[PDB]
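Report on one structure; see the data block that follows.
2 protein chains.
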Amino acid sequence: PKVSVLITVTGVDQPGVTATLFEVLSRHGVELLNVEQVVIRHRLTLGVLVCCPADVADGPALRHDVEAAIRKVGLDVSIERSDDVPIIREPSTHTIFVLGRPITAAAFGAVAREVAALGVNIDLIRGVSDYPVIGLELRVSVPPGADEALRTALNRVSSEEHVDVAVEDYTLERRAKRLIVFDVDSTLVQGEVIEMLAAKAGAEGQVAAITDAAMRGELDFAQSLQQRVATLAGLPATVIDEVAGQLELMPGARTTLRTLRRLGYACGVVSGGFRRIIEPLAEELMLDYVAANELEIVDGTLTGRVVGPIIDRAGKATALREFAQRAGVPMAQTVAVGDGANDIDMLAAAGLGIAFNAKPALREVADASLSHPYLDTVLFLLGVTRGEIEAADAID
Amino acid sequence: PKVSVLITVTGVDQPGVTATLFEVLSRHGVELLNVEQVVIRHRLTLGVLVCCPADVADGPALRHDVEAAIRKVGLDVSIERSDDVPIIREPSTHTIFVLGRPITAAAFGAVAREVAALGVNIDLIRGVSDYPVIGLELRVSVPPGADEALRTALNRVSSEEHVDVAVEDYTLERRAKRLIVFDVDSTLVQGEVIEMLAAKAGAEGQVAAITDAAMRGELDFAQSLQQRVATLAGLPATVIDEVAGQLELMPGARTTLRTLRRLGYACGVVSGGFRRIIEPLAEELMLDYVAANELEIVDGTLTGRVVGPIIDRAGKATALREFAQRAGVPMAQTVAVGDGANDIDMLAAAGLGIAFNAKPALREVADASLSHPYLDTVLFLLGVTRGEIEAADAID
Ligand SMILES: [Cl-]
Ligand SMILES: [Cl-]
Ligand SMILES: [Mg+2]
Ligand SMILES: [Mg+2]
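Going line by line, the protein sequences match chains A and A'. A prime marks a further copy of an entry chain.
With the entry's author numbering, letter number 287 in the first sequence gets 291, and the count goes up by one each step, no holes.
With the entry's author numbering, letter number 223 in the second sequence gets 227, and the count goes up by one each step, no holes.
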């Protein structure tokens, strides 16, 4: 068939419009090049690009047949010769996630302004969650080289408007993420284990102060780890098991891991904490990888030292690389989630580095930042919706 | 904010509508629950569900501000109290792919009719390819238990209308496919290797006749393999390397494998053919797994026997299971592609079994069937679009 014709149906949605249009078109000599339909809040748009002989596209039959059928039932239709029109839309370059509790119109409005200000076309908006936070995705087409300035502008909007805003690559490769690592303390697990260990020694305040210093990036991780573990010298080793029994997962942690298993992620933890605590939990959560430090014990008592090599800032990244290589996963398809300056090198080496309720030092260099205390918001950044999570959980 | 309000903007698309609406809403006390926007063929739909105090939803300010701003620039808007309206649409249960060259309106119309006849709601239609075949996706919501009758009805439409139509599970788990196996002969590779081996012995016609019998499911695979290989007794073993040098990939095979690597699939071949031919190629294509039979050689000459165990119908499925277990992939997330009755058990055990230009015996029990001679149409069934393939290839 020589020429192209475009038919556009819009109006209040009704059952059977789709079948009716194509059945009408089948009386004329029509082959399909592209069909796009959606219904949003009971508004239908059905756009159909077809080719037929110049013969049929130029004679009044096709028009009257389509116009009559669509208008009888109360919808509107347009028909027009195309020829230079695109057959099929381009893929979006990027996708932007906005999470908030609440998301004000002012905040979403500020996101749309920076987007427009940078020449970025909004291709599609949809909802990705109503719980535990309101979540919205904008798929976008970003002019080459603008993607740095876009994150920068949307990071300012994020801090000024009290929403999380993550800009990510939406190409085929970059978005088949297949491996994830979590930091443990204040990421996967609530609070700081080394503080729970220090309270047994009557030293919580000293250890808490040094931990907060080190997590904000003010102190060398290794020196800080040694001063803090030193505080535990003389505790009986039974303390490890007691503190392991007290640990609470971050809210949403179980849904996060269970959803990531459904997706076939390899799953791991990289910690500056202690293996005898973390393994207990990592076996329970069926994780595929653990890197941790190790407490020194003599005669069933903690010496206050660790048994090197110390997992430090560089060490976390080294651990992720080791895991990615054992698993067969290129670094571009890896994800890392952490809260502390401890995590900066790991987050930067990962394909996507997510700062979870993080100190400013990590937040400043992270690909994306999450501010709400629900570890499952990570799933929204991995392209999963709340409805998808709930359906899959309800099957069992 | 106590109550919910729904704002629906439609009309001819213009730049800056999105920012304008939210900036207008920010003057009233508004928080966002859901936003859906798309533009199809220059038609905009922007649906916004918000909550605000009963105070603001009941007074004329919000209405006039929104109506005035949207109508000034030439679009239409609706505003209405909601309260019982859904916050966020449910996920689609299933997705249907329709591929054709051409796709007539009559064919697509027949698909829409069977869908409607079974109570299945069409949630979204879009294009997934313009090349090498026209491809269209319909995401759908299928009433529980209707999904068997739907495939059945759409298989009849497929054979009567000359389109491929595949119905697949669109839930989170079922659609994170992570492992694929291909049959070799007439699937990954053009033609039948055993026929190319027989032509060297002057026996092509005899071997071709038996191969077609066995691939249609008329003969025991093992007996047929032995009668055919017997025909090669006395060929020098150099013949293996010659036939390996003559092999041509199915058109689209390279794009298929290269795209599957980008997605992180584990990739393998399960064949009733011969390892000394298949390994050469499998190393070149960097596949992670090969199962094949093995020709017996004495003094550099083919005896006309194979060295057991024979990979038969049951054997192909056994091989896929072995590969899935080594790779850590549950069978529900595996894919298998074949053409012959040889492949029936493998296709049935796979999470998704795809018949590629297949004999009727395989086509009849396959989850999905492809009729066009482009192995890349497999990618469309795995949720990839042509534009996505082309973008990712153009980056390098
Ligand atoms: Cl740590
Ligand atoms: Cl075979
Ligand atoms: Mg931490
Ligand atoms: Mg075959």
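All C-beta atoms in this analysis are idealised placements derived from N, C-alpha and C, irrespective of residue type, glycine included.
Among the residues of its own chain, which have a CB less than 6 Å from the CB of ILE393/A', if the five just before and after it don't count?
Closer than 6 Å at Cβ, skipping near neighbours: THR263.
Proximal residues, the region 240–272 of chain A versus chain A', C-beta separation under 8 Å:
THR263, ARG266, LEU267, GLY268
Could you run through the region 89–107 of chain A' and flag, in chain order, every residue whose CB is less than 7 Å away from some CB of chain A?
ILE91, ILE92, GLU94, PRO95, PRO106, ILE107
Is it buried or exposed for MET290/A', if we count other Cβ within 10 angstroms and need 16 for buried?
exposed
Pick from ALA270/A, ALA109/A, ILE92/A: whose alpha carbon is nearest that of residue 1/A?
This structure cannot settle anything about residue 1/A, because the visible part of chain A is limited to 5 through 400.
Beta carbon of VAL341/A' nearer than 8 Å to that of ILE358/A':
yes
What do you reckon, is the C-beta of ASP216/A' under 7 Å from a heavy atom of ligand 2?
no
The beta strand (DSSP E) that contains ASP127/A, what's its start and end?
125–133 is the extent of the beta strand (DSSP E) around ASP127/A.
Which stretch, first to last residue, makes up the beta strand (DSSP E) that contains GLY139/A?
Counting along the chain, the unbroken beta strand (DSSP E) around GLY139/A starts and ends at 138–145.
Taking 7 Å as the cut-off, is the beta-carbon of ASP224/A closer than that to any non-hydrogen atom of ligand 1?
no
Pick out whichever of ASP292/A, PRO313/A, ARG279/A, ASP371/A has its Cα sitting closest to the Cα of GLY332/A'.
The option with the nearest alpha carbon to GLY332/A' is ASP292/A.
Assuming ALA328/A and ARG178/A form a contact by the criterion Cβ under 8 Å, report the distance between their Cβ atoms to the nearest whole angstrom.
15 Å between Cβ atoms; not a contact.
Could you tell me which uninterrupted beta strand (DSSP E) segments, each at least 3 residues in length, are contained entirely in the region 238–323 of chain A, listed from first to last along the chain?
270–278, 293–297, 299–302, 305–310
Would you kindly check if the distance between the Cβ of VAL161/A' and the Cβ of residue 2/A' is under 8 Å?
Outside the displayed span of chain A' (5 to 400) sits residue 2/A', for which this structure offers no information.
Between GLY344/A', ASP380/A', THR381/A', which has its C-alpha nearest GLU368/A''s C-alpha?
When only C-alpha atoms are compared, the closest one is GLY344/A'.
Does ligand 3 have even one heavy atom less than 7 Å from the beta-carbon of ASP349/A?
no
Is there contact between the region 6–15 of chain A' and the region 188–195 of chain A, where contact requires at least three CB pairs shorter than 8 Å?
no
Nonlocal neighbours in the same chain, by C-beta distance under 8 Å from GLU298/A, ignoring five residues either side
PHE278, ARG279, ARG280, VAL310, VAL311
Taking only beta-carbon positions, decide if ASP134/A' is within less than 8 Å of chain A.
yes
With a cut-off of 8 Å, does the C-beta of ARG47/A' fall near any C-beta of chain A?
yes
In or out: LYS76/A buried (at least 16 other Cβ within 10 Å) or exposed?
exposed
Within 8 Å (strictly less), CB to CB, does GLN231/A reach chain A'?
no
Chain A contacts made by the region 146–163 of chain A', where a contact means CB separation under 7 Å
none
Taking the continuous beta strand (DSSP E) assigned at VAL171/A, which residues delimit it?
168–173
Reference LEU29/A'; option with closest CA among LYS320/A', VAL70/A', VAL273/A', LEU385/A'
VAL70/A'
Using alpha carbons as the reference points, say which of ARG265/A', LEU253/A', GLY304/A' lies closest to residue 401/A'.
A question about residue 401/A' goes unanswered here, because the residues of chain A' that appear run from 5 up to 400.
Beta-carbon spacing of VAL137/A', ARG105/A' below 8 Å:
yes
Spatial neighbours of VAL211/A' within its chain, please: CB distance less than 7 Å, with the 5 preceding and 5 following residues excluded, ordered by chain position.
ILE198, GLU199, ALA202, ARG232, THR235
Per-residue contacts from residue 404/A' into chain A (C-beta, under 8 Å):
Chain A' is shown only over 5 to 400; residue 404/A' falls outside these bounds and no answer can be derived.
Which same chain residues end up closer than 6 Å to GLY221/A when comparing Cβ atoms and leaving out the 5 residues on each side of it in sequence?
So the qualifying residues of the chain are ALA345, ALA365.
Does the region 77–94 of chain A come close enough to the region 84–102 of chain A' that 3 or more CB-CB pairs lie under 8 Å?
no
Going by alpha carbons, who is nearest to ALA111/A' out of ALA58/A', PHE26/A', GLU27/A', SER163/A'?
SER163/A'
Spatial neighbours of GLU283/A' within its chain, please: C-beta separation below 7 Å, excluding the five flanking residues on both sides.
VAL294
Is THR191/A' near ligand 4, going by C-beta to nearest heavy atom under 7 Å?
yes
Relative to ligand 2, is the shortest distance from any of its heavy atoms to the C-beta of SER375/A' smaller than 7 Å?
no
Report the neighbours of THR381/A on chain A': residues whose CB is nearer than 8 Å to its CB, in chain order.
Neighbours of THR381/A on chain A': none; closest Cβ ~16 Å, over 8 Å.
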